[PDB]
Number of protein chains: 2
Amino acid sequence: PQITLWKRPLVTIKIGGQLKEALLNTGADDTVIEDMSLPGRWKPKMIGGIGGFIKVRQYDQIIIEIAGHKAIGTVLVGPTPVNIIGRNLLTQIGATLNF
Amino acid sequence: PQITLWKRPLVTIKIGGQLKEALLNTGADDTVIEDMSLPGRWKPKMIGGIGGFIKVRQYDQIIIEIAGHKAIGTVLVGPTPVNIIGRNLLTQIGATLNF
Ligand SMILES: CCCC[C@H](NC(=O)[C@H](C)NC(=O)[C@H](CCC(=O)O)NC(=O)[C@H](Cc1ccccc1)NC[C@H](CC(C)C)NC(=O)[C@@H](NC(=O)[C@@H](N)CCCNC(N)=[NH2+])C(C)C)C(N)=O
């Protein structure tokens, strides 16, 4: 699709068997999902933005379907106010900015 | 241009006669620039990021060039980690997200 930016670029994702709404975020290096259980091992990480930092759990090799497109990579899980799809997974679905 | 996302989508902007670097940020409603002087009065705004809320100075009808494209609109000034071009000005330069 071509997504205009009049409104927040929200899409449906599937992760860990659950459907969620997530924000396609070119200003995020990483993907961060509201706290949930994911399979396998994790390690703690600090991620920052406006307002400072939060502690998250890092899971590697996680598969997410993003608007019907399958991607795999690192997914961080923690107290984010919004589900965020960052560049590490946007690249995998071939996402580009165009103007 | 068509911008892939393997690196941060950084561009050159020009605002108040100064060249700066800023991030094209589909995950931002608003445009936030690190502290600088802008003409006119400002008004208060609280903005939220992944870490919490911060107060910024809101300046309306600011002229800004973004990767060679002219925009005129609201610019928030405050402590952002990185200068960010949000959807309010991304729409003005005709930017879309494609995959
Ligand atoms: C129209 C105006 C509405 C009024 C106002 N609106 C807002 O506050 C809206 C919701 N906030 C936003 O739009 C803000 C940008 C600020 C702004 O636009 O004002 N967007 C954001 O903060 C979005 C995520 C988000 C989206 C919506 C809500 C909350 C959060 N991320 C933008 C931010 C830009 C960064 C360069 C500073 N990116 C990040 O924070 C990402 N972090 C990173 O990419 C790493 N660099 C951080 C890790 C560093 N440490 C390390 N690697 N060890 C994070 C998503 C993983 C309000 N008060 O409600």
# chains A, B, ... in the order shown; residues from 1 in each chain; ligands from 1
$ residues_around --residues "segment 16-26 of chain B" --least-positions-apart "2" --cutoff "6 Å" --atoms "only C-alpha atoms" --output "JSON, numbers by chain"
{"A": [25, 26, 27], "B": [9, 10, 11, 12, 13, 14, 28, 83, 84, 85, 86]}
$ interface_residues --of "chain A" --to "chain B" --cutoff "10 Å" --atoms "only C-alpha atoms" --output "number ranges by chain"
A: 1-10, 23-29, 32, 47-55, 69, 79-82, 84-99
$ calpha_fit_and_write --fixed "chain A" --moving "chain B" --output "mmCIF file with N, CA, C and O atoms, in the first residue's frame"
data_model
loop_
_atom_site.group_PDB
_atom_site.id
_atom_site.type_symbol
_atom_site.label_atom_id
_atom_site.label_comp_id
_atom_site.auth_asym_id
_atom_site.auth_seq_id
_atom_site.Cartn_x
_atom_site.Cartn_y
_atom_site.Cartn_z
ATOM 1 N N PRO B 1 0.977 -1.098 -0.293
ATOM 2 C CA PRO B 1 0.135 0.100 -0.279
ATOM 3 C C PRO B 1 0.946 1.388 -0.178
ATOM 4 O O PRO B 1 2.138 1.368 0.150
ATOM 5 N N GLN B 2 0.287 2.496 -0.487
ATOM 6 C CA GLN B 2 0.842 3.822 -0.262
ATOM 7 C C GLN B 2 0.046 4.479 0.850
ATOM 8 O O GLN B 2 -1.168 4.642 0.741
ATOM 9 N N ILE B 3 0.732 4.843 1.927
ATOM 10 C CA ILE B 3 0.064 5.356 3.109
ATOM 11 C C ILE B 3 0.410 6.829 3.315
ATOM 12 O O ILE B 3 1.574 7.176 3.485
ATOM 13 N N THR B 4 -0.600 7.690 3.245
ATOM 14 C CA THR B 4 -0.418 9.105 3.556
ATOM 15 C C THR B 4 -0.451 9.279 5.067
ATOM 16 O O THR B 4 -0.768 8.345 5.801
ATOM 17 N N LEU B 5 -0.120 10.472 5.545
ATOM 18 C CA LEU B 5 0.168 10.627 6.963
ATOM 19 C C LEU B 5 -0.751 11.636 7.651
ATOM 20 O O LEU B 5 -0.418 12.178 8.698
ATOM 21 N N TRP B 6 -1.920 11.888 7.076
ATOM 22 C CA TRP B 6 -2.877 12.778 7.728
ATOM 23 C C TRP B 6 -3.428 12.141 9.006
ATOM 24 O O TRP B 6 -3.828 12.837 9.933
ATOM 25 N N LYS B 7 -3.438 10.812 9.051
ATOM 26 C CA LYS B 7 -3.751 10.068 10.262
ATOM 27 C C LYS B 7 -2.524 9.253 10.680
ATOM 28 O O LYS B 7 -1.590 9.099 9.895
ATOM 29 N N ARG B 8 -2.527 8.735 11.902
ATOM 30 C CA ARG B 8 -1.456 7.828 12.323
ATOM 31 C C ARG B 8 -1.408 6.612 11.412
ATOM 32 O O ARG B 8 -2.452 6.034 11.109
ATOM 33 N N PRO B 9 -0.199 6.226 10.971
ATOM 34 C CA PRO B 9 -0.021 5.045 10.118
ATOM 35 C C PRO B 9 -0.096 3.767 10.938
ATOM 36 O O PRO B 9 0.909 3.103 11.161
ATOM 37 N N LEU B 10 -1.305 3.448 11.384
ATOM 38 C CA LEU B 10 -1.576 2.246 12.160
ATOM 39 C C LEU B 10 -1.905 1.060 11.269
ATOM 40 O O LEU B 10 -2.653 1.190 10.294
ATOM 41 N N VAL B 11 -1.373 -0.104 11.625
ATOM 42 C CA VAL B 11 -1.653 -1.321 10.882
ATOM 43 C C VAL B 11 -1.959 -2.445 11.845
ATOM 44 O O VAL B 11 -1.686 -2.339 13.032
ATOM 45 N N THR B 12 -2.527 -3.523 11.316
ATOM 46 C CA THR B 12 -2.717 -4.726 12.098
ATOM 47 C C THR B 12 -1.464 -5.585 12.012
ATOM 48 O O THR B 12 -0.923 -5.816 10.921
ATOM 49 N N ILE B 13 -1.001 -6.034 13.174
ATOM 50 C CA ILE B 13 0.087 -6.999 13.244
ATOM 51 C C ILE B 13 -0.412 -8.287 13.890
ATOM 52 O O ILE B 13 -1.470 -8.309 14.527
ATOM 53 N N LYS B 14 0.335 -9.366 13.694
ATOM 54 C CA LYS B 14 0.035 -10.629 14.350
ATOM 55 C C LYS B 14 1.313 -11.165 14.969
ATOM 56 O O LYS B 14 2.340 -11.323 14.286
ATOM 57 N N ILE B 15 1.258 -11.446 16.263
ATOM 58 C CA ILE B 15 2.456 -11.877 16.977
ATOM 59 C C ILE B 15 2.008 -12.809 18.095
ATOM 60 O O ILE B 15 1.037 -12.525 18.796
ATOM 61 N N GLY B 16 2.692 -13.943 18.223
ATOM 62 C CA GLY B 16 2.265 -14.992 19.132
ATOM 63 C C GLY B 16 0.794 -15.358 18.986
ATOM 64 O O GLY B 16 0.110 -15.586 19.986
ATOM 65 N N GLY B 17 0.303 -15.400 17.749
ATOM 66 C CA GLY B 17 -1.084 -15.750 17.479
ATOM 67 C C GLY B 17 -2.121 -14.679 17.799
ATOM 68 O O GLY B 17 -3.320 -14.885 17.591
ATOM 69 N N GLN B 18 -1.665 -13.536 18.294
ATOM 70 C CA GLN B 18 -2.553 -12.451 18.687
ATOM 71 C C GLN B 18 -2.541 -11.315 17.676
ATOM 72 O O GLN B 18 -1.475 -10.864 17.258
ATOM 73 N N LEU B 19 -3.726 -10.857 17.285
ATOM 74 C CA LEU B 19 -3.848 -9.624 16.505
ATOM 75 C C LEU B 19 -3.701 -8.396 17.394
ATOM 76 O O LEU B 19 -4.357 -8.295 18.428
ATOM 77 N N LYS B 20 -2.850 -7.467 16.971
ATOM 78 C CA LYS B 20 -2.650 -6.206 17.667
ATOM 79 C C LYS B 20 -2.587 -5.077 16.654
ATOM 80 O O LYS B 20 -2.459 -5.318 15.462
ATOM 81 N N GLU B 21 -2.675 -3.848 17.145
ATOM 82 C CA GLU B 21 -2.526 -2.666 16.303
ATOM 83 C C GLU B 21 -1.153 -2.081 16.581
ATOM 84 O O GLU B 21 -0.704 -2.109 17.726
ATOM 85 N N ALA B 22 -0.463 -1.587 15.558
ATOM 86 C CA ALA B 22 0.843 -0.969 15.798
ATOM 87 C C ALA B 22 1.099 0.161 14.825
ATOM 88 O O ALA B 22 0.514 0.213 13.747
ATOM 89 N N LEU B 23 1.980 1.067 15.230
ATOM 90 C CA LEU B 23 2.288 2.264 14.465
ATOM 91 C C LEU B 23 3.547 2.050 13.627
ATOM 92 O O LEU B 23 4.587 1.674 14.175
ATOM 93 N N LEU B 24 3.451 2.267 12.317
ATOM 94 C CA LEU B 24 4.615 2.231 11.439
ATOM 95 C C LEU B 24 5.448 3.474 11.723
ATOM 96 O O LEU B 24 5.024 4.593 11.417
ATOM 97 N N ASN B 25 6.633 3.272 12.299
ATOM 98 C CA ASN B 25 7.363 4.367 12.939
ATOM 99 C C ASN B 25 8.781 4.552 12.411
ATOM 100 O O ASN B 25 9.712 3.900 12.887
ATOM 101 N N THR B 26 8.947 5.446 11.433
ATOM 102 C CA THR B 26 10.265 5.699 10.860
ATOM 103 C C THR B 26 11.190 6.381 11.857
ATOM 104 O O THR B 26 12.397 6.445 11.646
ATOM 105 N N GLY B 27 10.623 6.885 12.945
ATOM 106 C CA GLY B 27 11.419 7.528 13.972
ATOM 107 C C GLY B 27 11.888 6.589 15.074
ATOM 108 O O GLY B 27 12.429 7.039 16.077
ATOM 109 N N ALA B 28 11.666 5.287 14.896
ATOM 110 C CA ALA B 28 12.111 4.289 15.867
ATOM 111 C C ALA B 28 13.160 3.375 15.253
ATOM 112 O O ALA B 28 12.942 2.812 14.172
ATOM 113 N N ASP B 29 14.302 3.232 15.925
ATOM 114 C CA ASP B 29 15.281 2.227 15.486
ATOM 115 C C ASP B 29 14.716 0.827 15.641
ATOM 116 O O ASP B 29 14.983 -0.062 14.826
ATOM 117 N N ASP B 30 13.956 0.639 16.714
ATOM 118 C CA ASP B 30 13.544 -0.686 17.153
ATOM 119 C C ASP B 30 12.041 -0.837 17.200
ATOM 120 O O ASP B 30 11.302 0.137 17.116
ATOM 121 N N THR B 31 11.611 -2.080 17.363
ATOM 122 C CA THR B 31 10.199 -2.430 17.426
ATOM 123 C C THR B 31 9.853 -2.680 18.886
ATOM 124 O O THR B 31 10.519 -3.465 19.568
ATOM 125 N N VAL B 32 8.838 -1.985 19.380
ATOM 126 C CA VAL B 32 8.461 -2.088 20.785
ATOM 127 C C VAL B 32 6.976 -2.405 20.911
ATOM 128 O O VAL B 32 6.119 -1.672 20.390
ATOM 129 N N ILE B 33 6.688 -3.501 21.610
ATOM 130 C CA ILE B 33 5.327 -3.988 21.788
ATOM 131 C C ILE B 33 4.993 -4.035 23.269
ATOM 132 O O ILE B 33 5.830 -4.426 24.092
ATOM 133 N N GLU B 34 3.776 -3.609 23.602
ATOM 134 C CA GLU B 34 3.307 -3.618 24.978
ATOM 135 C C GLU B 34 3.340 -5.020 25.545
ATOM 136 O O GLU B 34 3.377 -6.017 24.811
ATOM 137 N N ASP B 35 3.322 -5.088 26.866
ATOM 138 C CA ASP B 35 3.671 -6.307 27.564
ATOM 139 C C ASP B 35 2.803 -7.489 27.130
ATOM 140 O O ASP B 35 1.577 -7.408 27.039
ATOM 141 N N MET B 36 3.499 -8.559 26.772
ATOM 142 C CA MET B 36 2.910 -9.813 26.348
ATOM 143 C C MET B 36 3.961 -10.877 26.550
ATOM 144 O O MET B 36 5.128 -10.561 26.758
ATOM 145 N N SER B 37 3.548 -12.131 26.477
ATOM 146 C CA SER B 37 4.474 -13.233 26.635
ATOM 147 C C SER B 37 5.037 -13.641 25.289
ATOM 148 O O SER B 37 4.297 -13.808 24.325
ATOM 149 N N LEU B 38 6.356 -13.771 25.218
ATOM 150 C CA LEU B 38 6.989 -14.295 24.021
ATOM 151 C C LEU B 38 7.844 -15.495 24.409
ATOM 152 O O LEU B 38 8.286 -15.598 25.563
ATOM 153 N N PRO B 39 8.061 -16.420 23.458
ATOM 154 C CA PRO B 39 8.843 -17.624 23.759
ATOM 155 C C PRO B 39 10.336 -17.342 23.864
ATOM 156 O O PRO B 39 10.837 -16.385 23.275
ATOM 157 N N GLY B 40 11.036 -18.178 24.622
ATOM 158 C CA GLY B 40 12.476 -18.065 24.716
ATOM 159 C C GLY B 40 12.945 -17.137 25.813
ATOM 160 O O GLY B 40 12.154 -16.609 26.597
ATOM 161 N N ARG B 41 14.255 -16.950 25.865
ATOM 162 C CA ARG B 41 14.861 -16.085 26.860
ATOM 163 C C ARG B 41 14.844 -14.659 26.375
ATOM 164 O O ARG B 41 14.823 -14.407 25.173
ATOM 165 N N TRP B 42 14.875 -13.718 27.305
ATOM 166 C CA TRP B 42 15.031 -12.336 26.921
ATOM 167 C C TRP B 42 16.314 -11.772 27.506
ATOM 168 O O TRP B 42 16.928 -12.364 28.412
ATOM 169 N N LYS B 43 16.732 -10.637 26.965
ATOM 170 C CA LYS B 43 17.932 -9.968 27.443
ATOM 171 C C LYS B 43 17.619 -8.493 27.640
ATOM 172 O O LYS B 43 16.653 -7.974 27.067
ATOM 173 N N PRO B 44 18.417 -7.805 28.472
ATOM 174 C CA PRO B 44 18.009 -6.460 28.885
ATOM 175 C C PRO B 44 18.379 -5.410 27.862
ATOM 176 O O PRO B 44 19.404 -5.535 27.184
ATOM 177 N N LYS B 45 17.536 -4.390 27.731
ATOM 178 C CA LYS B 45 17.877 -3.260 26.890
ATOM 179 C C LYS B 45 17.254 -1.986 27.442
ATOM 180 O O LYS B 45 16.123 -1.983 27.929
ATOM 181 N N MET B 46 18.037 -0.916 27.398
ATOM 182 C CA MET B 46 17.563 0.412 27.748
ATOM 183 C C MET B 46 17.276 1.124 26.445
ATOM 184 O O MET B 46 18.142 1.162 25.569
ATOM 185 N N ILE B 47 16.061 1.641 26.282
ATOM 186 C CA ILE B 47 15.769 2.455 25.100
ATOM 187 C C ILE B 47 15.351 3.858 25.503
ATOM 188 O O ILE B 47 14.766 4.059 26.566
ATOM 189 N N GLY B 48 15.657 4.826 24.647
ATOM 190 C CA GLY B 48 15.362 6.214 24.948
ATOM 191 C C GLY B 48 14.297 6.736 24.010
ATOM 192 O O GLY B 48 14.277 6.362 22.835
ATOM 193 N N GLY B 49 13.407 7.574 24.539
ATOM 194 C CA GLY B 49 12.415 8.285 23.743
ATOM 195 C C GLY B 49 12.491 9.776 24.032
ATOM 196 O O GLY B 49 13.494 10.248 24.560
ATOM 197 N N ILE B 50 11.440 10.530 23.714
ATOM 198 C CA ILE B 50 11.491 11.971 23.972
ATOM 199 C C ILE B 50 11.478 12.298 25.457
ATOM 200 O O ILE B 50 11.934 13.363 25.850
ATOM 201 N N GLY B 51 10.963 11.385 26.277
ATOM 202 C CA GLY B 51 10.797 11.657 27.700
ATOM 203 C C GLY B 51 11.906 11.148 28.607
ATOM 204 O O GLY B 51 12.014 11.566 29.761
ATOM 205 N N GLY B 52 12.745 10.264 28.091
ATOM 206 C CA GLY B 52 13.799 9.659 28.889
ATOM 207 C C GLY B 52 13.964 8.193 28.529
ATOM 208 O O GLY B 52 13.522 7.776 27.472
ATOM 209 N N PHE B 53 14.594 7.420 29.412
ATOM 210 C CA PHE B 53 14.904 6.015 29.136
ATOM 211 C C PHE B 53 14.000 5.049 29.893
ATOM 212 O O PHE B 53 13.560 5.348 31.003
ATOM 213 N N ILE B 54 13.729 3.890 29.285
ATOM 214 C CA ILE B 54 13.012 2.804 29.954
ATOM 215 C C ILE B 54 13.726 1.470 29.718
ATOM 216 O O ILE B 54 14.400 1.310 28.697
ATOM 217 N N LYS B 55 13.594 0.527 30.655
ATOM 218 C CA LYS B 55 14.076 -0.846 30.427
ATOM 219 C C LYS B 55 13.005 -1.657 29.714
ATOM 220 O O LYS B 55 11.829 -1.617 30.072
ATOM 221 N N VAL B 56 13.421 -2.408 28.704
ATOM 222 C CA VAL B 56 12.519 -3.310 28.020
ATOM 223 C C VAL B 56 13.145 -4.692 27.947
ATOM 224 O O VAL B 56 14.349 -4.851 28.165
ATOM 225 N N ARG B 57 12.319 -5.681 27.627
ATOM 226 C CA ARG B 57 12.779 -7.052 27.432
ATOM 227 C C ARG B 57 13.026 -7.314 25.947
ATOM 228 O O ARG B 57 12.112 -7.181 25.130
ATOM 229 N N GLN B 58 14.259 -7.674 25.600
ATOM 230 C CA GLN B 58 14.593 -7.943 24.204
ATOM 231 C C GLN B 58 14.469 -9.419 23.857
ATOM 232 O O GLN B 58 15.144 -10.270 24.442
ATOM 233 N N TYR B 59 13.605 -9.709 22.884
ATOM 234 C CA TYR B 59 13.435 -11.056 22.351
ATOM 235 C C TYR B 59 13.909 -11.101 20.906
ATOM 236 O O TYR B 59 13.431 -10.326 20.075
ATOM 237 N N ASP B 60 14.831 -12.004 20.589
ATOM 238 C CA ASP B 60 15.336 -12.105 19.216
ATOM 239 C C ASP B 60 14.595 -13.174 18.404
ATOM 240 O O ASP B 60 14.006 -14.096 18.970
ATOM 241 N N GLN B 61 14.636 -13.017 17.082
ATOM 242 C CA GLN B 61 14.087 -13.967 16.108
ATOM 243 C C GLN B 61 12.618 -14.303 16.379
ATOM 244 O O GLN B 61 12.215 -15.466 16.426
ATOM 245 N N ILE B 62 11.826 -13.254 16.551
ATOM 246 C CA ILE B 62 10.390 -13.377 16.745
ATOM 247 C C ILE B 62 9.684 -13.276 15.394
ATOM 248 O O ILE B 62 9.989 -12.379 14.613
ATOM 249 N N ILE B 63 8.741 -14.181 15.126
ATOM 250 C CA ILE B 63 7.967 -14.129 13.891
ATOM 251 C C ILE B 63 6.783 -13.185 14.065
ATOM 252 O O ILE B 63 6.014 -13.326 15.014
ATOM 253 N N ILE B 64 6.640 -12.225 13.160
ATOM 254 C CA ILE B 64 5.553 -11.258 13.263
ATOM 255 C C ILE B 64 5.038 -10.872 11.874
ATOM 256 O O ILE B 64 5.822 -10.665 10.940
ATOM 257 N N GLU B 65 3.719 -10.823 11.724
ATOM 258 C CA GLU B 65 3.112 -10.356 10.474
ATOM 259 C C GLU B 65 2.766 -8.903 10.633
ATOM 260 O O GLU B 65 2.213 -8.505 11.653
ATOM 261 N N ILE B 66 3.106 -8.109 9.631
ATOM 262 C CA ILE B 66 2.875 -6.674 9.678
ATOM 263 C C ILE B 66 2.115 -6.277 8.436
ATOM 264 O O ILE B 66 2.672 -6.294 7.349
ATOM 265 N N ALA B 67 0.837 -5.951 8.600
ATOM 266 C CA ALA B 67 -0.019 -5.602 7.470
ATOM 267 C C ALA B 67 0.080 -6.658 6.369
ATOM 268 O O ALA B 67 0.141 -6.334 5.180
ATOM 269 N N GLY B 68 0.122 -7.922 6.779
ATOM 270 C CA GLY B 68 0.157 -9.029 5.841
ATOM 271 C C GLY B 68 1.536 -9.436 5.365
ATOM 272 O O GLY B 68 1.666 -10.356 4.554
ATOM 273 N N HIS B 69 2.570 -8.757 5.854
ATOM 274 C CA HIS B 69 3.938 -9.055 5.442
ATOM 275 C C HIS B 69 4.690 -9.743 6.574
ATOM 276 O O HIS B 69 4.635 -9.296 7.713
ATOM 277 N N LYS B 70 5.393 -10.832 6.265
ATOM 278 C CA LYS B 70 6.094 -11.566 7.316
ATOM 279 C C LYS B 70 7.450 -10.942 7.613
ATOM 280 O O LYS B 70 8.212 -10.623 6.704
ATOM 281 N N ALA B 71 7.731 -10.756 8.898
ATOM 282 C CA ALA B 71 9.057 -10.368 9.363
ATOM 283 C C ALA B 71 9.500 -11.335 10.456
ATOM 284 O O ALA B 71 8.663 -11.937 11.145
ATOM 285 N N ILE B 72 10.809 -11.519 10.591
ATOM 286 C CA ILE B 72 11.364 -12.328 11.671
ATOM 287 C C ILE B 72 12.560 -11.572 12.231
ATOM 288 O O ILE B 72 13.566 -11.383 11.539
ATOM 289 N N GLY B 73 12.451 -11.116 13.469
ATOM 290 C CA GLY B 73 13.518 -10.318 14.036
ATOM 291 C C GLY B 73 13.280 -9.927 15.473
ATOM 292 O O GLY B 73 12.448 -10.506 16.175
ATOM 293 N N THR B 74 14.014 -8.912 15.903
ATOM 294 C CA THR B 74 14.024 -8.532 17.302
ATOM 295 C C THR B 74 12.804 -7.715 17.686
ATOM 296 O O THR B 74 12.456 -6.742 17.022
ATOM 297 N N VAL B 75 12.154 -8.121 18.771
ATOM 298 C CA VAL B 75 11.014 -7.392 19.303
ATOM 299 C C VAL B 75 11.311 -7.033 20.754
ATOM 300 O O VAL B 75 11.705 -7.893 21.531
ATOM 301 N N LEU B 76 11.154 -5.759 21.106
ATOM 302 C CA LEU B 76 11.342 -5.327 22.487
ATOM 303 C C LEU B 76 9.981 -5.243 23.171
ATOM 304 O O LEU B 76 9.012 -4.784 22.579
ATOM 305 N N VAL B 77 9.896 -5.711 24.410
ATOM 306 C CA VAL B 77 8.627 -5.703 25.121
ATOM 307 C C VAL B 77 8.725 -4.798 26.332
ATOM 308 O O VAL B 77 9.642 -4.929 27.146
ATOM 309 N N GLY B 78 7.794 -3.857 26.438
ATOM 310 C CA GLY B 78 7.822 -2.905 27.533
ATOM 311 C C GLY B 78 6.729 -1.863 27.436
ATOM 312 O O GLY B 78 5.906 -1.904 26.516
ATOM 313 N N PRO B 79 6.730 -0.908 28.378
ATOM 314 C CA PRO B 79 5.702 0.138 28.458
ATOM 315 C C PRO B 79 5.852 1.223 27.402
ATOM 316 O O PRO B 79 6.372 2.298 27.679
ATOM 317 N N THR B 80 5.386 0.940 26.197
ATOM 318 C CA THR B 80 5.299 1.963 25.169
ATOM 319 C C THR B 80 3.871 2.496 25.119
ATOM 320 O O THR B 80 2.921 1.743 25.331
ATOM 321 N N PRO B 81 3.715 3.803 24.865
ATOM 322 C CA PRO B 81 2.408 4.453 24.717
ATOM 323 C C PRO B 81 1.560 3.787 23.638
ATOM 324 O O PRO B 81 0.349 3.610 23.784
ATOM 325 N N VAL B 82 2.223 3.425 22.543
ATOM 326 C CA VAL B 82 1.593 2.792 21.393
ATOM 327 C C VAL B 82 2.541 1.700 20.898
ATOM 328 O O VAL B 82 3.756 1.910 20.911
ATOM 329 N N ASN B 83 2.018 0.538 20.498
ATOM 330 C CA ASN B 83 2.865 -0.471 19.849
ATOM 331 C C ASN B 83 3.528 0.159 18.631
ATOM 332 O O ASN B 83 2.850 0.827 17.843
ATOM 333 N N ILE B 84 4.840 -0.019 18.480
ATOM 334 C CA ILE B 84 5.531 0.615 17.357
ATOM 335 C C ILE B 84 6.387 -0.369 16.567
ATOM 336 O O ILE B 84 7.119 -1.200 17.131
ATOM 337 N N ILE B 85 6.248 -0.291 15.246
ATOM 338 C CA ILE B 85 7.064 -1.064 14.327
ATOM 339 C C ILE B 85 8.194 -0.150 13.889
ATOM 340 O O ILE B 85 7.963 0.870 13.219
ATOM 341 N N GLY B 86 9.406 -0.495 14.302
ATOM 342 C CA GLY B 86 10.564 0.328 14.008
ATOM 343 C C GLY B 86 11.301 -0.111 12.759
ATOM 344 O O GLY B 86 10.900 -1.067 12.097
ATOM 345 N N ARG B 87 12.388 0.588 12.441
ATOM 346 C CA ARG B 87 13.087 0.386 11.178
ATOM 347 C C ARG B 87 13.653 -1.019 11.019
ATOM 348 O O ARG B 87 13.810 -1.491 9.890
ATOM 349 N N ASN B 88 13.949 -1.696 12.125
ATOM 350 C CA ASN B 88 14.499 -3.050 12.017
ATOM 351 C C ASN B 88 13.533 -3.990 11.295
ATOM 352 O O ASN B 88 13.966 -4.860 10.540
ATOM 353 N N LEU B 89 12.229 -3.816 11.509
ATOM 354 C CA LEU B 89 11.256 -4.626 10.779
ATOM 355 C C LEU B 89 10.652 -3.893 9.580
ATOM 356 O O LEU B 89 10.180 -4.530 8.643
ATOM 357 N N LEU B 90 10.655 -2.563 9.598
ATOM 358 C CA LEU B 90 10.201 -1.828 8.418
ATOM 359 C C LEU B 90 11.053 -2.197 7.192
ATOM 360 O O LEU B 90 10.531 -2.341 6.085
ATOM 361 N N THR B 91 12.361 -2.353 7.392
ATOM 362 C CA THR B 91 13.248 -2.728 6.298
ATOM 363 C C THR B 91 12.887 -4.126 5.781
ATOM 364 O O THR B 91 12.896 -4.370 4.572
ATOM 365 N N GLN B 92 12.560 -5.040 6.690
ATOM 366 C CA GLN B 92 12.189 -6.392 6.269
ATOM 367 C C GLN B 92 10.944 -6.450 5.386
ATOM 368 O O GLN B 92 10.878 -7.278 4.480
ATOM 369 N N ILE B 93 9.960 -5.580 5.618
ATOM 370 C CA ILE B 93 8.753 -5.612 4.795
ATOM 371 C C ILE B 93 8.879 -4.692 3.576
ATOM 372 O O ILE B 93 7.931 -4.542 2.809
ATOM 373 N N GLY B 94 10.053 -4.092 3.403
ATOM 374 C CA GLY B 94 10.345 -3.323 2.205
ATOM 375 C C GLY B 94 9.801 -1.910 2.227
ATOM 376 O O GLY B 94 9.586 -1.302 1.176
ATOM 377 N N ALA B 95 9.599 -1.368 3.423
ATOM 378 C CA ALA B 95 8.989 -0.046 3.552
ATOM 379 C C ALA B 95 9.974 1.082 3.261
ATOM 380 O O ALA B 95 11.136 1.043 3.678
ATOM 381 N N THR B 96 9.496 2.090 2.537
ATOM 382 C CA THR B 96 10.284 3.290 2.261
ATOM 383 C C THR B 96 9.452 4.534 2.534
ATOM 384 O O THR B 96 8.220 4.470 2.567
ATOM 385 N N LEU B 97 10.143 5.650 2.760
ATOM 386 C CA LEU B 97 9.520 6.961 2.903
ATOM 387 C C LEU B 97 9.709 7.730 1.608
ATOM 388 O O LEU B 97 10.829 7.843 1.117
ATOM 389 N N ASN B 98 8.628 8.257 1.052
ATOM 390 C CA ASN B 98 8.689 8.909 -0.248
ATOM 391 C C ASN B 98 8.074 10.295 -0.236
ATOM 392 O O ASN B 98 7.015 10.500 0.353
ATOM 393 N N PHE B 99 8.736 11.244 -0.889
ATOM 394 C CA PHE B 99 8.131 12.550 -1.116
ATOM 395 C C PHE B 99 8.782 13.239 -2.305
ATOM 396 O O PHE B 99 9.760 12.736 -2.849
#
$ select_by_dssp --residues "chain B" --states "alpha helix (DSSP H)" --output "PyMOL selection string"
chain B and resi 87-90
$ select_by_dssp --residues "segment 9-99 of chain A" --states "strand (DSSP E)" --output "VMD selection string"
chain A and resid 10 to 15 18 to 24 32 to 34 43 to 49 52 to 66 69 to 78 84 to 85 96 to 98
